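Asker: Fold the following.
(2 chains, ligands or ions: 2)
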Amino acid sequence: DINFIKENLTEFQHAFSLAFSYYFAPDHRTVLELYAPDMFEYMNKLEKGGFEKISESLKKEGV
Amino acid sequence: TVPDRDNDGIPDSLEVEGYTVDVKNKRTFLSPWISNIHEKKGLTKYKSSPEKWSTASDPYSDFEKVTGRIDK
Ligand SMILES: [Ca+2]
Ligand SMILES: [Ca+2]
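Answerer: Numbering: from 1, shown residues only, chains lettered A, B, ... in the order given. Ligands and ions are numbered 1, 2, ... in the order given. Structure as follows:
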């Protein structure tokens, strides 16, 4: 809920950054595919076009 | 791709820095050493040389010796 999401957002931040480093260090990406097969799918959707959409939604506000 | 000098099937950074072999459903997967997952299951941590096909110079590669694909 709001209380957990507002007190410890650094832990979700740590989870996303750790999943990012496991996805893009090329020696061990398949670690993420094996031990967390939906975090791998989340990052794979985010890499195949989600990053472009977040960049567009920021650059529209940038002008 | 990922480099593999000695052509044994393990990448170079895994051979230099650490790796292990886990079996998840009925399929074995060669993964680098994660000290949270692999230390609770009692797995072994291997290191070998990235440029010898067989680090002990015997006729069995490092990949066969760690994955069981060897003369029994
Ligand atoms: Ca190798
Ligand atoms: Ca080797």
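
Asker: Could you use CA atoms for every contact and neighbour count after this?
Answerer: Noted.

Asker: What's the local residue count around residue 6?
Answerer: You didn't say which chain, so I picked chain A. By other Cα atoms under 10 Å in any protein chain shown, the residues close to residue A:6 number 9.

Asker: The intended chain is chain B.
Answerer: Residue B:6 has 16 neighbours, counted by other Cα under 10 Å.

Asker: hang on, isn't it packed against residue B:61?
Answerer: No - contact criterion Cα atoms under 8 Å: residue B:6 and residue B:61 do not qualify, at 9.8 Å.

Asker: Residues that sit against both of these two, list them.
Answerer: Each of residue B:53 lies in contact with both residue B:6 and residue B:61 under the rule Cα atoms under 8 Å, 6 or more residues apart in numbering or on different chains.

Asker: got the residues of chain B near ligand 1?
Answerer: By Cα under 5 Å from the ion, the residues of chain B that approach ligand 1 are B:4, B:6, B:10, B:11, B:12, B:50.

Asker: does the first one really touch residue B:15, like I thought?
Answerer: No - applying Cα under 8 Å as the test, residue B:4 and residue B:15 come out as separate, 9.7 Å apart.

Asker: okay, and the common contacts of those two?
Answerer: residue B:50.

Asker: neighbour-wise, which of the two wins?
Answerer: A direct count of neighbours by other Cα under 10 Å for residue B:4 and residue B:15 places residue B:15 higher, at 19 against 16.

Asker: if we can go back for a sec, specify which member of the residues of chain B next to ligand 1 is nearest to ligand 2.
Answerer: Distance to ligand 2, by Cα to the ion, is smallest for residue B:50 among these, at 4.4 Å.

Asker: Which residues are in contact with the closest one?
Answerer: Residue B:50 makes contact with B:4, B:5, B:6, B:11, B:12, B:13, B:15, B:16, according to Cα under 8 Å, 6+ apart.

Asker: Fine by me, we can end here.
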